[PDB]
Structures are given as C-alpha cells and as structure tokens.
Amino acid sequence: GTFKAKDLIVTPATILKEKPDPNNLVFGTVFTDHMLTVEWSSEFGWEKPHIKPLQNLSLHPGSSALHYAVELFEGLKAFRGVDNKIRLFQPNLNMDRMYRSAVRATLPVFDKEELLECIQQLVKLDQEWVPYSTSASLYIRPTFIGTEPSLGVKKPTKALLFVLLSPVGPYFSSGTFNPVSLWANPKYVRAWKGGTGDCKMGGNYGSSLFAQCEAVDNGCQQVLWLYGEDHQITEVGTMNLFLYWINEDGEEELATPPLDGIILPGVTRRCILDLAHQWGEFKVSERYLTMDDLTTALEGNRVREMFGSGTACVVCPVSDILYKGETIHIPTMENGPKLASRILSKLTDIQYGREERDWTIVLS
C-alpha cells in the first residue's frame, strides 16, 4: 500500500568517515555514512523502509532502469542556520513533483508525508554532515528505479526507492558572482511538446551530454536550449531562465518562459516570481522570448540582467552567448547586478534563518 515512517528499521554504521574540508568540495563526489532504502513488488506491495550504511546496490542485469531509463530523481538542500538550527526549504514542493513524475513513469505511488518524515530521520541521524559554513549545504538526492528482472518493455512489477546525502561547497568559491558563457546551437533540443521535459525523469538528461561536451570545446560553461522555428530561449543547462529588461512597450519587466510542457517547474523559479509579484516595483510576465527579441533589445540598450535559477546556484548570471558564428555580450555585470544580488541575499537570508519564513521547516 504505502511504507510508513513509523515502521523504519535503523542499522547504524560501526565506523564513521572523516568530514571533507568545506572549501574544497566537488559537487556530488563525497557521500555520508548512511542512505535510505525501500523495496516494492506488485505481489507483496511496499516493504518496510531501512536506514543503513551506504553500500552498493545488488541489481539483476535485466533491471528495466539500465535498459529503458525507468528512473527519476529529485534535488533539495538542508541549511545549517546562523542560530545553528538545520532547516529544509519548500520540501513539500519537491515531494509533489516526485509523485507527479512517478505516475508519468508508471513507478508505484507512495505517501508523500511518509517519504519526507523518513528523509528528515535520515538527515537527523547524519546531521553533522550539514556543514558549519553559511556558504555551504547538504544535498539530498531521492532516486526511484525499476528493478524488474525482464527485457519486456512494460510497467515494472519491481522497484527500489533510495535516498543519498552529499555535502556541497558554495557554487561561487570566490564568494561573489562569476558570470558564465552559453553555447546556443539550434541543432539540439532538450524537450518537445508532447514529451516529458516538465518531469525530472532520467531520460531527459542522458541526451544532453553530447551538447555540453560541444559547449566546453567552444569555451562555454553551459548550453542555451533553443526550441522551434523562431528560436525560443527555454532553459540554461539544468537551470530556469530569467531576463530583466525594458520590454517592447517601454516598461521595466522581469520575464521567464511559460509552463507549456518544455519547462521544468523549478522551486527557485516559483520562489522568484512570488518575490517579484510581492515587491511590485516592476511588471512580471510568463511569456515567450526569442534570440531576435534579445538581439533587437541589445541594439537599443534595453537589457539589464540575464541569470539562471536553481537549487545549484540560487542565481547564476550570464555575460555572453555564442550564436551563428559570433559572441554576443550581455551587460549583466555592468548593471550591478542589482536584481540578481537582491534575490541572492533574500533567498539566502531565508535559507540560513536570518529572518522567519513560511518557506522553511526546522528539523525536529
């Protein structure tokens, strides 16, 4: 039916590993002492969850995750506050998105309240892995995979749900904004209408690696995802895309693409539109933006700031775009960046407990 947090079986590790130095962390390469596992079958339903030492998984080579990408994931953080209390940030929005993605993958449904409480107990046991730095955090990685030992393409009769914990340094080791260059080639598409691009399913990511390898060979750090005959700008790598500018009607506007099927609905993207509506100092539009809209705006000095948004960066400014043989400069870093700074400081003030907020949950 569903596993229950109150049925948790806890098997502690006998020897603990030494914590790495917080200002030399490489994202997702170091892992904590413990993981969570929960097994499912169609014959016997959900087994009882386990909290046990990190270990390798024992998989049948026939497992449908390794053959037909029957798999999905999530990404959220835990923050050690300035009062030394550990907090989660909008974790219910992550659980909601994981459930929607499971239905679209035909993985078995689960109680969202029971997963989050299991996850809370996993961080509570391993709580010293949450760094003693207000520029560092602990990444939480829920993962859900088909483990059906057969090659037939179908809805799986077996599955594992597991959670990893990995400490991460600041995205900007400098401590202030390093702007990124983008590779813009219309030859590749990330996601299409009628597709799965608005879910965090593994198969959306496997196909982007060739494009990223090409971006790096041409000196860029990320891909700018183009879509359709009018070259709509959609996403920046695995981050949502925002543009602060004077629009076509002469009005100061913050703009992001709409949730029309090809966009991942980011927790950060939701948080930033809510803040922009509350401040009410400028227009806020979920609308379509093209390479023509952007180059026409730069000719008339109308562009202020371009930045990516996600759990990775919070905010990630853009300085240039390579497109049809030329480098196009974006004046983000010559305009402050005023809005990008204000956003970074507000969201970190909420994350690290410098102000009270509906958006945070203290670990009990």
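Whichever C-alpha set is largest while still superposing within 1.5 Å between the two forms counts as the rigid core. Residue indices: 1-based, along the sequence shown.
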Quick note, superposing on core in 7 other deposited structures of this protein and taking C-alpha RMS, the more shifted stretch of 188-196 and 165-173 is 165-173
Entry-level comparison of average CA B-factors, 248-256 and 106-114, reporting the higher stretch: 248-256
Per the PDB record, is the mean Cα temperature factor higher over 15-23 or over 349-357? 15-23
Just grab whichever of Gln222, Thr147, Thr290, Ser173 has the top CA B-factor as deposited. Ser173
In terms of recorded Cα temperature factor, pick the maximum from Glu326, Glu305, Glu39, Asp33. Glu326
Lowest, middle or highest third: which one holds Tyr205 when the chain's residues are ordered by CA B-factor from the entry? middle
Here the Cα B-factor of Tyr132, set against its chain, lands in the third termed highest
Taking the entry's C-alpha B-factors for this chain, is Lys85 in the lowest, middle or highest third? highest
Report the third (lowest, middle or highest) to which the CA temperature factor of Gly62 belongs, ranking only the modelled residues of the same chain. middle
Which third of the chain does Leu93 land in by C-alpha B-factor: lowest, middle or highest? lowest
